[PDB]
Amino acid sequence: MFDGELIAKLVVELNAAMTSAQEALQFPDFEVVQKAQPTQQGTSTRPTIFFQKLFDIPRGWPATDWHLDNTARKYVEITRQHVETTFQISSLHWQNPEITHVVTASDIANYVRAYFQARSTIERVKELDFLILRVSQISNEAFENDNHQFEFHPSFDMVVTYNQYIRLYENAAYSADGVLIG
Amino acid sequence: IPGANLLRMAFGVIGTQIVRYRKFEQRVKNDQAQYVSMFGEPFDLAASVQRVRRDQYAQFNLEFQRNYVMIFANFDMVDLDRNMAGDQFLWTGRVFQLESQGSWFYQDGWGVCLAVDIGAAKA
């Protein structure tokens, strides 16, 4: 459980980061889009952000705590697992050689990476029940676009850690007795 | 019949073009273990030049289109052996890679467009 809410929160944060980056670097306009669209759709010409979820790691043995329901005389067993999620962030932008004002797709990716690593954003995200670890690499790759016009597709990976809960039922005991023999 | 040539009578109908043809004789070194070729007496030949029409590719963010030409001639043209091949130029220097039915009556060609010709009446 606890995935769609994570994507909604991440989308909101990415929109805020793009607003900040647009004020900082003077983009024309931006769009935030998830990869692996469930319906046949076409890419947009605007400077764009793409994100995707790759895999998860449980990170530790599960922890169980017991909560008692007096009316029904049952224990509600809650199990918490603290997992890590790896998201891949990539951007797209086409360079126009004749314009004098130059901004690169790698600049967009670097600014988004730097925004998420700031302490202020971490402090603000803490109230949203997850945190971000360190990011260690950003790479450029060359596509071919429309049979020409080589283009760059910078990318990097981000790790997000949170807690996820499951709920179950268990019986309860109210007394004890024994026998002593020798 | 594989006797009297068919290209000779074919040129009596379609119409041809004119190229300058030079052959390879021998080869020497340039104190770098690099061969430099020698060509002699570029004569004049009549031949039919055809169409193959290249497309380009990429090595990495480079294009490098390969220029190609097809030529029909009634001559014994060699493209490769332990010796070196011959040259031609319709407008720029060219070199080919193939063989054809020379020992009976006529052959067929190829060609890759080398850069340019020297000039001075297209030497």
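With ideal geometry, Cβ positions are generated from the backbone for all residues, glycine too; neighbour counts draw on all protein chains shown. Throughout, read-outs are computed from the coordinates displayed, never taken from laboratory work.
Assorted remarks:
- Matching residues in the stretch A:123-156 - criterion: being part of a helix (DSSP H, G or I) and surrounded by 12 or more Cβ atoms within 10 Å (Cβ to Cβ): A:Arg124, A:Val125
- Selection count, the stretch B:43-61, where residues are small (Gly, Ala, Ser), part of a strand (DSSP E or B) and over 12 Å from the mean Cα position of the chain (by Cα): 1
- Of all residues assigned to the stretch A:157-169, none qualifies as being of a type outside the set (D, E, K, R) and assigned to a loop (DSSP other than H, G, I, E, B).
- Residue list for the stretch B:79-118, restricted to those being aliphatic (A, V, I, L, M) and more than 20 Å from B:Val36 (Cβ to Cβ): B:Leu90, B:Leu98
- A Cβ distance below 7 Å, combined with a sequence gap of six or more or placement on separate chains, defines the contacts here; from the stretch A:131-148, residues that are more than 14 Å from every other protein chain (Cβ to nearest Cβ) reach residues that are surrounded by 10 or more Cβ atoms within 10 Å (Cβ to Cβ) and among the basic types (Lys, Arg) in the pairs A:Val135/A:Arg113; A:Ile138/A:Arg113.
- Among residues of the stretch A:97-119, those that are exposed (fewer than 12 other Cβ atoms within 10 Å of the Cβ) and either under 20 Å from A:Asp157 (Cβ atoms) or in contact with a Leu (Cβ under 9 Å, 6 or more places away or on another chain) (or both), counted: 1
- Some residue of the stretch A:52-69 being surrounded by 15 or more Cβ atoms within 10 Å (Cβ to Cβ) and within 25 Å of the chain's Cα centre (by Cα): yes
- B:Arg94 vs. criteria among the basic types (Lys, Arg), within 30 Å of B:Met9 (Cα to Cα) and surrounded by 10 or more Cβ atoms within 10 Å (Cβ to Cβ): yes
- Among the candidates A:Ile166, A:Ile122, residue that is more than 14 Å from every other protein chain (Cβ to nearest Cβ), more than 30 Å from A:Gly42 (Cα to Cα) and touching a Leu at 6+ places or on another chain (Cβ under 7 Å): A:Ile122
- Within the span defined as the stretch B:101-123, every residue fails to be part of a loop (DSSP other than H, G, I, E, B), within 14 Å of chain A (Cβ to nearest Cβ) and under 30 Å from A:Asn147 (Cβ atoms).
- Looking at the stretch A:10-90, the strands (runs of 3 or more DSSP E) lying wholly inside it that each contain 2 or more residues that are in contact (Cβ under 8 Å) with a residue 24 or more places away in the chain sit at A:48-57, A:63-69.
- Residue list for the stretch A:137-163, filter: more than 16 Å from the chain's Cα centre (by Cα) and among the polar types (S, T, N, Q): A:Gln137, A:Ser139, A:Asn140, A:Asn145, A:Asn147, A:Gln149
- Qualifying positions in the stretch A:100-134 - of a type in the set (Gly, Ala, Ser) and either touching a helix residue (DSSP H, G or I) at 6+ places or on another chain (Cβ under 8 Å) or within 20 Å of A:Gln88 (Cβ to Cβ) (or both): A:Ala105, A:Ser106, A:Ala109, A:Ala114
- Within the stretch B:36-75, the residues that satisfy the criterion of being more than 30 Å from B:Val13 (Cα to Cα) and touching a residue at least 40 places away in the same chain (Cβ under 8 Å) are B:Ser37, B:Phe39, B:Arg66.
- Filtering the stretch B:62-74 to residues that are surrounded by 17 or more Cβ atoms within 10 Å (Cβ to Cβ) and either assigned to a loop (DSSP other than H, G, I, E, B) or within 14 Å of chain A (Cβ to nearest Cβ) (or both) leaves B:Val69, B:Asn74.
- Tallying residues that are within 14 Å of another protein chain (Cβ to nearest Cβ) and among the hydroxyl-bearing types (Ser, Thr, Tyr) within the stretch B:24-61 yields 1.
- Residues that are in a strand (DSSP E or B) and in contact with a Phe, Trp or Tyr (Cβ under 8 Å, 6 or more places away or on another chain) within the stretch B:75-100 comprise B:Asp87, B:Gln88, listed in sequence order.
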